[PDB]
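S.K.: Got a structure here, written out as structure tokens. Questions coming.
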Amino acid sequence: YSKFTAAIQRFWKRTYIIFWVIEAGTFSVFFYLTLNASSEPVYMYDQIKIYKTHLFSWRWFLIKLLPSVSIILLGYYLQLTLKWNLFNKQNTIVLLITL
Amino acid sequence: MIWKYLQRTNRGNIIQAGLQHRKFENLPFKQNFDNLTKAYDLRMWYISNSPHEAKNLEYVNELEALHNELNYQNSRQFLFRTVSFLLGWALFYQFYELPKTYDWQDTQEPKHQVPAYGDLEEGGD
Amino acid sequence: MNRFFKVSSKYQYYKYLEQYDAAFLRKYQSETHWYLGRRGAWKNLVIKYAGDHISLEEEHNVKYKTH
Amino acid sequence: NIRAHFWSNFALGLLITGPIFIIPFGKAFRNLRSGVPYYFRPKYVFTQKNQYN
Amino acid sequence: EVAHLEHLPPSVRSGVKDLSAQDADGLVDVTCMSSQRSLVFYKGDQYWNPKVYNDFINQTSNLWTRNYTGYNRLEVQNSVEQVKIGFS
Amino acid sequence: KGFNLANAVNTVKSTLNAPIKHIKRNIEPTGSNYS
Amino acid sequence: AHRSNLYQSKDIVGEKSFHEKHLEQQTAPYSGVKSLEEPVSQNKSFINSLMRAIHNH
Amino acid sequence: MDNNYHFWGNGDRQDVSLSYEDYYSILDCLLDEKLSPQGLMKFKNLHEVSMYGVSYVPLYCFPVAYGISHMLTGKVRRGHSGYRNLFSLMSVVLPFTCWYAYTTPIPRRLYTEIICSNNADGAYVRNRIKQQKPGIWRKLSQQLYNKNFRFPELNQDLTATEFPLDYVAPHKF
Amino acid sequence: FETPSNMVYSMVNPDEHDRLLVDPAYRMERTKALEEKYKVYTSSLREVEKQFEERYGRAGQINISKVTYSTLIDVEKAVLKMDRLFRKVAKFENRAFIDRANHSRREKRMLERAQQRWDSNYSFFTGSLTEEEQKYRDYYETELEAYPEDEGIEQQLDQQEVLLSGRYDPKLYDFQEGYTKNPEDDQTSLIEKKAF
Amino acid sequence: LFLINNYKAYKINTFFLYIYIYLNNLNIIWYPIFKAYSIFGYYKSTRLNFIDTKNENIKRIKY
Amino acid sequence: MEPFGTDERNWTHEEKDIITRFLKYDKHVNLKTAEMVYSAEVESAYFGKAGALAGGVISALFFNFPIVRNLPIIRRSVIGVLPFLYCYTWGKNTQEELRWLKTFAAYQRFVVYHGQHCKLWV
Amino acid sequence: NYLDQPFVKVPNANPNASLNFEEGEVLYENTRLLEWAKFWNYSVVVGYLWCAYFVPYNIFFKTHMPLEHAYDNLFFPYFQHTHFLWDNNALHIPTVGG
Amino acid sequence: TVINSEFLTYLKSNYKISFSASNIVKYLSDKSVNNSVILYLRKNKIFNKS
């Protein structure tokens, strides 16, 4: 009560985006280094890196992806139905997302 | 000749389109998504083109109510469709015979698994 | 106007309901005012007083301070 | 040489794609799927569409 | 307190079709408004006492009225009570 | 006086139809409009 | 008084338990194929008589 | 029809059809030392055409994935506002549509020249696929026999004195 | 979500706000009093505007197209028709809650009539009538025998109400060809003008 | 046109037209306003052509 | 040595057993690979028994659960044995998966040992 | 201090003296819900345990061989894991406990 | 609302409407007035100037 104005809400939105931008900087540097990772010369030292494409099957990845998309969709449904639903009726969605 | 059907623009492309009366005659006896969308579109077009303010403000209130009701209908649609999609995804991968016969050369690096430069990695000559 | 027909309680306070229309009560005791309808919101005042004072800043959870 | 031909065809294509495809495609913006005539749905900027259409 | 118990209609008027209480064996959600809590009853006659059931239903159903559907051409004039000004 | 498939099918239908009321009640919109 | 009602309200009929519903279903009479027990001569065949026996026990 | 039927990366309906997955798997079981300089040229042209094609396939499948993701959300178009759900469903569905596209054989003149050539390169490629990729060769042999190709390496070979190396699927003689 | 526009804010003192929060009866009383005040204030503003318009006349005519004029009238009639349909649908949906005394008898009548019409018979509907609307008519028989919202008569009355509202008086409009870049009057043929 | 009129009352042709109509109106899409202004802000954005015809815009000098 | 691809046949039970008994007992296999298969066999055996036993205990508890204990005998038996079936299947599947993953690692080690994979060399 | 409201009074802790708490007529009774409650609750707990402690414990401490989902997306060579050559300063213990 | 004829005559005689109403409420019809929601804003002393 009496503290959460529009300025405070905008401040917390900015704080969220700033934290996730900070955490995405070091990860971005590591990803860039991962892309052009160092290796031995292809001529005599490392003749096999031509065939080391490191390609992972997309079918296995797709079956891996199910819980994350599930929680995303459940969270959207939880936030949309908050307009006309109570707390005890939404505990089902909250508990499902928790599990 | 050619200008009659190449340069003479059609009437419909110029004037404003009229209401399609076919789509408001036989309506289902339901407050479904189709009927709610029709009401919302009617009131939005009216307030977009009407010089009368009393009817416009009445339609604004009714449009807010219709927005809430259409949000509810869309929530139902989203729940049903996405739950069906997730269950179908899970069932497909439950019945699908996953190909586990892919090449495993990527995991094997014989020069690194057994270091070919053994006893020479440390400086010795 | 569907007026509130009767309040069967023996509390003479609850007789206020009979004066108003069902739609009027529905607007100000439900829908937008659902978390306020027919409730004495003393807890809102108590929690506001809890928030705005210079209290102990060690909070464990919403209900309690840190031991 | 090829370039020249291409551009000629490109220009020709525009002509042939004028009345045959794009104008009939624009016939689909007269009314919405609900039958109500087209009206403006603003994304962020509430532009004033004061002129006729 | 029975005075605080009400069978409130849905906020979304199009969602009355999609209620459990539409079924003959569904659920009836009665809101206690002094605490904003919910009482979910099974609307089967075998779970209820006939000697007090009608009284409870009459006392709890007061805000689910005909105005929830709207006002027709005749009831719109009676939707409110006129305010007379200057009659002294 | 024994197992019967009609009774089994009726029981299966009752089992499937039992959780319908609770799911519908969970999906129900309340009389709350959290603007 | 409460124990005499088995800790349930005397005025509420209540819902039958799983055992009571199961016993109510299991004691229902079996009305077999009634079209087999007809004075039609077509039911006098050996196959029709065998089906009638094995169904209307 | 088209003015570029001469193009090696082009093809008609009745050309040999190989999906991108089949093409890459076939490439995984060949050696360049065993191919003549003409066969290497065919494979290099196919490589450039196929790198562009594998780059472009998700673009082809994007409209269908977009439509399916929209239909999964509901009948409401919340442009710029339903982007999160739309693109989560997209990151799920677009891989499925690309799966259907990449497992779909597509005809090409280079495909029909690499496999069905009557010189030593064609025989080498056919036998290499026959031995190292039995399933790919099963499908490919069915397709080639259906297209009035008569090679010894086909499972459906009625003139052979040796039994087939795989199950011969039913077909009209 | 949508932003509601039907909120009227009234300032209160902290003591009065505390009493409003902890006393629902006082809250309802003050709210109804303020609603009456809002009605009075709106009526006063409307009367002031009427006097001003009488004294000084209209600001000017409205440049509109005849197509847009006709479409506005059609949209109003369609909105009224859909409101009537939604009213009937809501009355049928909320039947078990609006009137719980007669619900059993009315439901029995509706169900027996529906079973009669759809058992050993084929029900052939003509026009806009449907099975759901026929069940609605069966349930609310006694109510519809008093004021039937007959679709044809209600549509005629809707058109009369729309045209008698006074918003669509042709003297208020300067009909034009809206598409033309230069403002030009309505150039439809004389017979088309007479038909309009 | 004569042929098309002649085959208007046929049940098979009417069934095909009915399927076409049903598929046409099957997908009705709602386009909401997702800005915080919502309905009232959009409504006020569409008032330009009618502002000058309002009493508060009439020339009315105080003195 | 095995064919690779989407269209290829997955390892059947007979093929897995034959390869396991090849890696365990045959010569031409270094001591490390055979020891890997032996350690696969030793550690995996716990999980089948553990799953079966845990399922038995859970099913014994479930046969007397508050709603299960008041069901007719057929429904009560099915609902009671469901946890046992689930846990028994979990144990068997986990044992098979662990054993076969370690055995396939040993098979890869053998193939690299004898240079029987193209596009793999030191 | 917060209960010392300056303009209104907080409700009394005890119920109003006018109220009478003597038992009356029973209105509604669905007792079997309790059993169902028990069932579901217990089921969840049991399932929770099996899905949160028994399976992780058995596949983390009772074996060294990984399962397929531990390394299917990785391109390391196959290897086993031990509970003792990792996390020397035990930060996993408070995390698991919490 | 109904305004008495005598009261209206008194208002018209005493006060002559010379200026228009700038409040947009003047456009509201009685249907839209009845749909308004009366919210309350506690107005106390102000100590925070940001």
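Please note that chains go A, B, ... in the order of the structure tokens, that every chain numbers its residues from 1, and that ligands are numbered from 1 in the order shown.
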Mind listing as an NGL selection string which residues of chain H are within 8 Å of chain A, counting only C-alpha atoms?

M.R.: :H and (85 or 88-89 or 92 or 95)

S.K.: Next, the residues of the selection above should be written as a PDB file, in the first residue's frame with N, CA and C atoms.

M.R.:
```pdb
ATOM      1  N   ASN H  85       4.343 -15.797 -26.746  1.00  0.00           N
ATOM      2  CA  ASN H  85       3.725 -17.094 -26.997  1.00  0.00           C
ATOM      3  C   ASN H  85       3.895 -17.507 -28.450  1.00  0.00           C
ATOM      4  N   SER H  88       7.552 -18.678 -28.908  1.00  0.00           N
ATOM      5  CA  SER H  88       7.791 -19.963 -28.257  1.00  0.00           C
ATOM      6  C   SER H  88       7.178 -21.101 -29.069  1.00  0.00           C
ATOM      7  N   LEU H  89       5.900 -20.960 -29.430  1.00  0.00           N
ATOM      8  CA  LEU H  89       5.272 -21.945 -30.299  1.00  0.00           C
ATOM      9  C   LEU H  89       5.982 -22.035 -31.641  1.00  0.00           C
ATOM     10  N   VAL H  92       9.068 -24.102 -31.342  1.00  0.00           N
ATOM     11  CA  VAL H  92       8.683 -25.513 -31.293  1.00  0.00           C
ATOM     12  C   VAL H  92       8.243 -26.032 -32.661  1.00  0.00           C
ATOM     13  N   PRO H  95      10.791 -26.111 -36.155  1.00  0.00           N
ATOM     14  CA  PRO H  95      11.563 -27.354 -36.297  1.00  0.00           C
ATOM     15  C   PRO H  95      10.749 -28.526 -36.817  1.00  0.00           C
TER      16      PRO H  95
END
```

S.K.: Using only C-alpha atoms, select each residue of chain A with any atom at most 12 Å away from an atom of chain M, and give the selection as number ranges by chain.

M.R.: A: 2-3, 5-8

S.K.: With a distance cut-off of 10 Å and only C-alpha atoms, select the neighbouring residues of residue C:41, excluding the residue or stretch itself and same-chain residues fewer than 2 positions from it, and output the selection as an NGL selection string.

M.R.: (:C and (35-39 or 43-46)) or (:E and (34-35)) or (:I and (18-24)) or (:L and (10))

S.K.: Would you save the residues of that selection, restricted to C-alpha atoms, as a JSON list (two decimals), in the first residue's frame?

M.R.:
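This is the output file again38.json:
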```json
[["chain", "number", "residue", "atom", "x", "y", "z"],
["C", 35, "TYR", "CA", -11.77, -8.08, -2.78],
["C", 36, "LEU", "CA", -13.68, -5.43, -0.81],
["C", 37, "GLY", "CA", -17.39, -6.26, -1.01],
["C", 38, "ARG", "CA", -19.24, -6.58, 2.31],
["C", 39, "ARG", "CA", -15.95, -6.70, 4.24],
["C", 43, "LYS", "CA", -6.61, -5.18, 7.72],
["C", 44, "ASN", "CA", -5.82, -2.81, 4.86],
["C", 45, "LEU", "CA", -5.41, 0.02, 7.38],
["C", 46, "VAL", "CA", -3.30, -2.12, 9.72],
["E", 34, "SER", "CA", -16.66, -10.77, 4.55],
["E", 35, "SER", "CA", -13.54, -12.91, 4.08],
["I", 18, "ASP", "CA", -11.29, 4.82, 7.04],
["I", 19, "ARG", "CA", -15.01, 4.75, 7.80],
["I", 20, "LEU", "CA", -15.76, 3.77, 4.19],
["I", 21, "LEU", "CA", -13.26, 0.92, 4.37],
["I", 22, "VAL", "CA", -14.48, -0.47, 7.71],
["I", 23, "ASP", "CA", -18.22, 0.25, 7.23],
["I", 24, "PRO", "CA", -19.75, -1.30, 4.09],
["L", 10, "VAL", "CA", -10.13, -2.82, 14.79]]
```

S.K.: Residues at most 10 Å from residue L:34, counting only C-alpha atoms, excluding those fewer than 5 positions away in the same chain, as JSON, numbers by chain?

M.R.: {"K": [66, 67], "L": [39, 40]}

S.K.: Can you tell me, as a PyMOL selection string, what residues are no more than 7 Å from stretch 12-27 of chain C when counting only C-alpha atoms, ignoring any on the same chain fewer than 4 positions away?

M.R.: (chain C and resi 1-7+31) or (chain E and resi 63+65+67) or (chain I and resi 25)

S.K.: Write out the residues from the selection above, keeping N, CA and C atoms, as an mmCIF file, in the first residue's frame.

M.R.:
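Generated file (part.cif):
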```cif
data_model
loop_
_atom_site.group_PDB
_atom_site.id
_atom_site.type_symbol
_atom_site.label_atom_id
_atom_site.label_comp_id
_atom_site.auth_asym_id
_atom_site.auth_seq_id
_atom_site.Cartn_x
_atom_site.Cartn_y
_atom_site.Cartn_z
ATOM 1 N N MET C 1 -34.879 -2.681 -12.111
ATOM 2 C CA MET C 1 -34.248 -2.642 -10.824
ATOM 3 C C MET C 1 -34.729 -3.759 -9.902
ATOM 4 N N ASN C 2 -33.902 -4.795 -9.812
ATOM 5 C CA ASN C 2 -34.190 -5.934 -8.951
ATOM 6 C C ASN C 2 -33.688 -5.676 -7.535
ATOM 7 N N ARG C 3 -34.532 -5.053 -6.719
ATOM 8 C CA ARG C 3 -34.131 -4.648 -5.381
ATOM 9 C C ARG C 3 -33.916 -5.860 -4.480
ATOM 10 N N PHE C 4 -32.963 -5.726 -3.556
ATOM 11 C CA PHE C 4 -32.661 -6.769 -2.583
ATOM 12 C C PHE C 4 -33.889 -7.039 -1.723
ATOM 13 N N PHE C 5 -34.481 -8.226 -1.875
ATOM 14 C CA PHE C 5 -35.820 -8.461 -1.344
ATOM 15 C C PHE C 5 -35.843 -8.440 0.180
ATOM 16 N N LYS C 6 -34.957 -9.196 0.823
ATOM 17 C CA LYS C 6 -35.056 -9.368 2.265
ATOM 18 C C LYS C 6 -33.728 -9.855 2.824
ATOM 19 N N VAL C 7 -33.383 -9.366 4.012
ATOM 20 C CA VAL C 7 -32.262 -9.875 4.792
ATOM 21 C C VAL C 7 -32.842 -10.571 6.015
ATOM 22 N N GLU C 31 -17.239 -8.039 -8.849
ATOM 23 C CA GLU C 31 -16.514 -7.615 -10.041
ATOM 24 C C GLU C 31 -15.265 -6.826 -9.673
ATOM 25 N N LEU E 63 -27.959 -11.656 -5.564
ATOM 26 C CA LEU E 63 -27.272 -10.835 -6.550
ATOM 27 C C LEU E 63 -27.280 -11.438 -7.948
ATOM 28 N N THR E 65 -29.593 -11.890 -10.430
ATOM 29 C CA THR E 65 -30.937 -11.456 -10.776
ATOM 30 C C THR E 65 -31.063 -11.311 -12.291
ATOM 31 N N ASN E 67 -31.281 -8.536 -14.045
ATOM 32 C CA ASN E 67 -30.485 -7.458 -14.625
ATOM 33 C C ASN E 67 -29.156 -7.954 -15.165
ATOM 34 N N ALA I 25 -21.910 -0.478 4.922
ATOM 35 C CA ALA I 25 -23.200 0.188 4.762
ATOM 36 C C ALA I 25 -23.021 1.667 4.449
#
```

S.K.: Give me, as a list in words, the contact residues of chain B against chain F at a cut-off of 10 Å, counting only C-alpha atoms.

M.R.: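 Taken together, these residues fit the definition: residues 68, 72, 75, 76 and 79 of chain B.
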
S.K.: Residues of the last selection are to be written out with N, CA, C and O atoms, as a PDB file, in the first residue's frame.

M.R.:
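Listed below is the output, result_11.pdb:
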```pdb
ATOM      1  N   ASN B  68     -13.128  -7.684 -22.422  1.00  0.00           N
ATOM      2  CA  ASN B  68     -12.975  -8.636 -21.322  1.00  0.00           C
ATOM      3  C   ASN B  68     -13.547 -10.007 -21.688  1.00  0.00           C
ATOM      4  O   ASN B  68     -12.915 -11.049 -21.452  1.00  0.00           O
ATOM      5  N   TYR B  72     -11.676 -13.717 -22.149  1.00  0.00           N
ATOM      6  CA  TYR B  72     -12.049 -14.992 -21.532  1.00  0.00           C
ATOM      7  C   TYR B  72     -12.171 -16.103 -22.572  1.00  0.00           C
ATOM      8  O   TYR B  72     -11.666 -17.222 -22.378  1.00  0.00           O
ATOM      9  N   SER B  75      -8.833 -17.136 -23.679  1.00  0.00           N
ATOM     10  CA  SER B  75      -8.159 -17.940 -22.667  1.00  0.00           C
ATOM     11  C   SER B  75      -8.599 -19.392 -22.752  1.00  0.00           C
ATOM     12  O   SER B  75      -7.772 -20.307 -22.660  1.00  0.00           O
ATOM     13  N   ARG B  76      -9.900 -19.622 -22.934  1.00  0.00           N
ATOM     14  CA  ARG B  76     -10.381 -20.992 -23.113  1.00  0.00           C
ATOM     15  C   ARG B  76      -9.761 -21.638 -24.348  1.00  0.00           C
ATOM     16  O   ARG B  76      -9.299 -22.787 -24.300  1.00  0.00           O
ATOM     17  N   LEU B  79      -6.031 -22.415 -23.703  1.00  0.00           N
ATOM     18  CA  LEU B  79      -5.866 -23.568 -22.826  1.00  0.00           C
ATOM     19  C   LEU B  79      -6.109 -24.865 -23.581  1.00  0.00           C
ATOM     20  O   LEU B  79      -5.262 -25.765 -23.577  1.00  0.00           O
TER      21      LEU B  79
END
```

S.K.: As a PyMOL selection string, please: every residue in chain C that a backbone DSSP assignment puts in helix (DSSP H, G or I).

M.R.: chain C and resi 13-19+22-29+42-52

S.K.: Store the residues picked out above in a file with N, CA, C and O atoms, as a compact mmCIF listing (two decimals), in the first residue's frame.

M.R.:
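Contents of the output file result-v5.txt:
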```txt
# COMPACT_ATOMS: atom_id res chain seq x y z
N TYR C 13 -27.89 -4.20 11.38
CA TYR C 13 -26.95 -3.57 10.46
C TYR C 13 -27.14 -4.09 9.04
O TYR C 13 -27.32 -3.31 8.09
N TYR C 14 -27.17 -5.42 8.88
CA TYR C 14 -27.30 -6.04 7.57
C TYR C 14 -28.56 -5.63 6.83
O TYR C 14 -28.71 -5.99 5.66
N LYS C 15 -29.46 -4.90 7.48
CA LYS C 15 -30.64 -4.38 6.81
C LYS C 15 -30.31 -3.32 5.77
O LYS C 15 -31.20 -2.94 5.01
N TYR C 16 -29.07 -2.84 5.73
CA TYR C 16 -28.71 -1.85 4.71
C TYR C 16 -28.84 -2.43 3.31
O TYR C 16 -29.05 -1.68 2.35
N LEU C 17 -28.71 -3.75 3.16
CA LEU C 17 -28.70 -4.35 1.84
C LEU C 17 -30.04 -4.18 1.13
O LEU C 17 -30.07 -4.05 -0.10
N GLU C 18 -31.14 -4.17 1.88
CA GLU C 18 -32.47 -4.13 1.27
C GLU C 18 -32.74 -2.83 0.52
O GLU C 18 -33.67 -2.78 -0.29
N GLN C 19 -31.95 -1.78 0.77
CA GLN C 19 -32.21 -0.49 0.16
C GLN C 19 -31.75 -0.43 -1.30
O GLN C 19 -32.31 0.35 -2.08
N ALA C 22 -29.88 -4.93 -6.95
CA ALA C 22 -28.94 -6.03 -7.10
C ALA C 22 -27.77 -5.65 -7.99
O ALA C 22 -26.63 -6.03 -7.73
N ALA C 23 -28.04 -4.89 -9.06
CA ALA C 23 -26.96 -4.43 -9.93
C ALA C 23 -26.02 -3.48 -9.19
O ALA C 23 -24.80 -3.53 -9.39
N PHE C 24 -26.57 -2.60 -8.36
CA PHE C 24 -25.74 -1.67 -7.61
C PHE C 24 -24.80 -2.40 -6.66
O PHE C 24 -23.61 -2.07 -6.57
N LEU C 25 -25.32 -3.39 -5.93
CA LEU C 25 -24.47 -4.18 -5.05
C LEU C 25 -23.47 -5.00 -5.85
O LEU C 25 -22.32 -5.15 -5.44
N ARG C 26 -23.89 -5.52 -7.00
CA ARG C 26 -23.01 -6.31 -7.84
C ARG C 26 -21.84 -5.48 -8.35
O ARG C 26 -20.73 -5.99 -8.53
N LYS C 27 -22.07 -4.19 -8.60
CA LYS C 27 -21.00 -3.33 -9.09
C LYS C 27 -20.01 -2.98 -7.99
O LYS C 27 -18.80 -2.96 -8.24
N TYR C 28 -20.50 -2.70 -6.79
CA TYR C 28 -19.65 -2.20 -5.71
C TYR C 28 -19.36 -3.24 -4.63
O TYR C 28 -18.64 -2.92 -3.67
N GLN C 29 -19.89 -4.45 -4.74
CA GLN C 29 -19.52 -5.54 -3.86
C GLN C 29 -19.02 -6.76 -4.61
O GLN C 29 -18.70 -7.77 -3.98
N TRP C 42 -10.39 -3.37 7.72
CA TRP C 42 -9.49 -2.93 8.78
C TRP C 42 -8.07 -3.43 8.55
O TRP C 42 -7.10 -2.75 8.90
N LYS C 43 -7.93 -4.62 7.96
CA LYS C 43 -6.61 -5.18 7.72
C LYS C 43 -5.83 -4.35 6.73
O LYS C 43 -4.60 -4.25 6.84
N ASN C 44 -6.51 -3.72 5.77
CA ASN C 44 -5.82 -2.81 4.86
C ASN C 44 -5.20 -1.65 5.63
O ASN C 44 -4.05 -1.28 5.38
N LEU C 45 -5.94 -1.08 6.58
CA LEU C 45 -5.41 0.02 7.38
C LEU C 45 -4.24 -0.44 8.25
O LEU C 45 -3.22 0.25 8.35
N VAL C 46 -4.37 -1.61 8.87
CA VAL C 46 -3.30 -2.12 9.72
C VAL C 46 -2.04 -2.38 8.90
O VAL C 46 -0.93 -2.02 9.32
N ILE C 47 -2.18 -3.00 7.73
CA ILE C 47 -1.02 -3.30 6.90
C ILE C 47 -0.41 -2.03 6.32
O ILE C 47 0.81 -1.93 6.17
N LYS C 48 -1.24 -1.04 5.99
CA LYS C 48 -0.70 0.25 5.56
C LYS C 48 0.14 0.89 6.65
O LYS C 48 1.24 1.39 6.40
N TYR C 49 -0.37 0.87 7.89
CA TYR C 49 0.41 1.40 9.01
C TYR C 49 1.68 0.61 9.22
O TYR C 49 2.71 1.17 9.61
N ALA C 50 1.64 -0.70 8.99
CA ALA C 50 2.85 -1.51 9.08
C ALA C 50 3.87 -1.09 8.03
O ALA C 50 5.07 -0.99 8.32
N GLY C 51 3.40 -0.83 6.81
CA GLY C 51 4.32 -0.49 5.73
C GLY C 51 4.95 0.88 5.88
O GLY C 51 6.14 1.05 5.63
N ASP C 52 4.16 1.88 6.27
CA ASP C 52 4.64 3.26 6.17
C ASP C 52 5.48 3.71 7.36
O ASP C 52 6.09 4.78 7.29
```

S.K.: If we count only C-alpha atoms and set the cut-off at 12 Å, which residues sit around residue G:36, ignoring sequence neighbours fewer than 2 positions away in its own chain? Please answer as a PyMOL selection string.

M.R.: chain G and resi 31-34+38-45+47-57

S.K.: Output C-alpha atoms for every residue in that selection, as a PDB file, in the first residue's frame.

M.R.:
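Output file selection30.pdb is given in full below:
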```pdb
ATOM      1  CA  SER G  31     -32.575 -60.147 -19.314  1.00  0.00           C
ATOM      2  CA  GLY G  32     -31.030 -62.134 -22.152  1.00  0.00           C
ATOM      3  CA  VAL G  33     -31.650 -61.942 -25.893  1.00  0.00           C
ATOM      4  CA  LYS G  34     -35.448 -61.721 -25.970  1.00  0.00           C
ATOM      5  CA  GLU G  38     -40.101 -66.334 -29.681  1.00  0.00           C
ATOM      6  CA  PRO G  39     -42.644 -68.790 -31.138  1.00  0.00           C
ATOM      7  CA  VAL G  40     -41.062 -68.261 -34.558  1.00  0.00           C
ATOM      8  CA  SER G  41     -40.095 -71.525 -36.240  1.00  0.00           C
ATOM      9  CA  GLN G  42     -36.739 -69.955 -37.145  1.00  0.00           C
ATOM     10  CA  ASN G  43     -35.740 -70.332 -33.476  1.00  0.00           C
ATOM     11  CA  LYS G  44     -36.218 -74.123 -33.619  1.00  0.00           C
ATOM     12  CA  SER G  45     -32.929 -74.657 -35.468  1.00  0.00           C
ATOM     13  CA  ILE G  47     -27.862 -73.171 -33.996  1.00  0.00           C
ATOM     14  CA  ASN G  48     -30.651 -70.900 -32.753  1.00  0.00           C
ATOM     15  CA  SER G  49     -31.367 -73.269 -29.857  1.00  0.00           C
ATOM     16  CA  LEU G  50     -27.671 -73.392 -28.939  1.00  0.00           C
ATOM     17  CA  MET G  51     -27.417 -69.596 -28.960  1.00  0.00           C
ATOM     18  CA  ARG G  52     -30.631 -69.325 -26.939  1.00  0.00           C
ATOM     19  CA  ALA G  53     -29.315 -71.752 -24.330  1.00  0.00           C
ATOM     20  CA  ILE G  54     -25.878 -70.170 -23.992  1.00  0.00           C
ATOM     21  CA  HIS G  55     -27.334 -66.641 -23.779  1.00  0.00           C
ATOM     22  CA  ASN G  56     -30.663 -67.030 -21.949  1.00  0.00           C
ATOM     23  CA  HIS G  57     -29.120 -69.652 -19.610  1.00  0.00           C
TER      24      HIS G  57
END
```

S.K.: Pick out the chain K residues within 12 Å of chain G. Count only C-alpha atoms. Give them as an MDAnalysis selection string.

M.R.: chainID K and resid 67:76

S.K.: Could the residues in this selection be written to a file with N, CA and C atoms, as a PDB file, in the first residue's frame?

M.R.:
```pdb
ATOM      1  N   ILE K  67      -8.871 -44.531  -0.481  1.00  0.00           N
ATOM      2  CA  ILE K  67      -9.919 -44.818  -1.454  1.00  0.00           C
ATOM      3  C   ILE K  67      -9.781 -46.225  -2.025  1.00  0.00           C
ATOM      4  N   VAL K  68      -8.550 -46.709  -2.199  1.00  0.00           N
ATOM      5  CA  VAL K  68      -8.342 -48.038  -2.762  1.00  0.00           C
ATOM      6  C   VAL K  68      -8.884 -49.112  -1.828  1.00  0.00           C
ATOM      7  N   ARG K  69      -8.755 -48.910  -0.515  1.00  0.00           N
ATOM      8  CA  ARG K  69      -9.164 -49.927   0.446  1.00  0.00           C
ATOM      9  C   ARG K  69     -10.663 -50.184   0.439  1.00  0.00           C
ATOM     10  N   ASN K  70     -11.453 -49.316  -0.192  1.00  0.00           N
ATOM     11  CA  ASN K  70     -12.905 -49.443  -0.205  1.00  0.00           C
ATOM     12  C   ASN K  70     -13.447 -49.691  -1.605  1.00  0.00           C
ATOM     13  N   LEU K  71     -12.622 -50.188  -2.502  1.00  0.00           N
ATOM     14  CA  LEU K  71     -13.017 -50.499  -3.863  1.00  0.00           C
ATOM     15  C   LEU K  71     -13.362 -51.971  -3.996  1.00  0.00           C
ATOM     16  N   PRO K  72     -14.172 -52.333  -4.989  1.00  0.00           N
ATOM     17  CA  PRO K  72     -14.365 -53.751  -5.301  1.00  0.00           C
ATOM     18  C   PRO K  72     -13.040 -54.414  -5.643  1.00  0.00           C
ATOM     19  N   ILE K  73     -13.017 -55.742  -5.512  1.00  0.00           N
ATOM     20  CA  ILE K  73     -11.749 -56.468  -5.514  1.00  0.00           C
ATOM     21  C   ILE K  73     -11.008 -56.283  -6.834  1.00  0.00           C
ATOM     22  N   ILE K  74     -11.733 -56.229  -7.951  1.00  0.00           N
ATOM     23  CA  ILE K  74     -11.071 -56.117  -9.248  1.00  0.00           C
ATOM     24  C   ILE K  74     -10.415 -54.746  -9.404  1.00  0.00           C
ATOM     25  N   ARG K  75     -11.174 -53.678  -9.139  1.00  0.00           N
ATOM     26  CA  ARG K  75     -10.617 -52.331  -9.209  1.00  0.00           C
ATOM     27  C   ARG K  75      -9.541 -52.128  -8.155  1.00  0.00           C
ATOM     28  N   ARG K  76      -9.770 -52.642  -6.946  1.00  0.00           N
ATOM     29  CA  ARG K  76      -8.777 -52.511  -5.888  1.00  0.00           C
ATOM     30  C   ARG K  76      -7.473 -53.185  -6.280  1.00  0.00           C
TER      31      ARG K  76
END
```

S.K.: Could you state the separation of atom CA of residue D:23 and atom CA of residue H:1 in Å, given to one decimal place?

M.R.: 25.6 Å

S.K.: Quick one: everything within 12 Å of stretch 41-46 of chain A, counting only C-alpha atoms, minus sequence neighbours fewer than 6 positions away in the same chain. Send it as a ChimeraX atom specification.

M.R.: /A:52 /B:109-112,116-117 /K:120-122

S.K.: According to DSSP computed on the backbone, where in chain C is there strand (DSSP E or B)? Give the residues as JSON, numbers by chain.

M.R.: {"C": [3, 21, 31, 59, 65]}
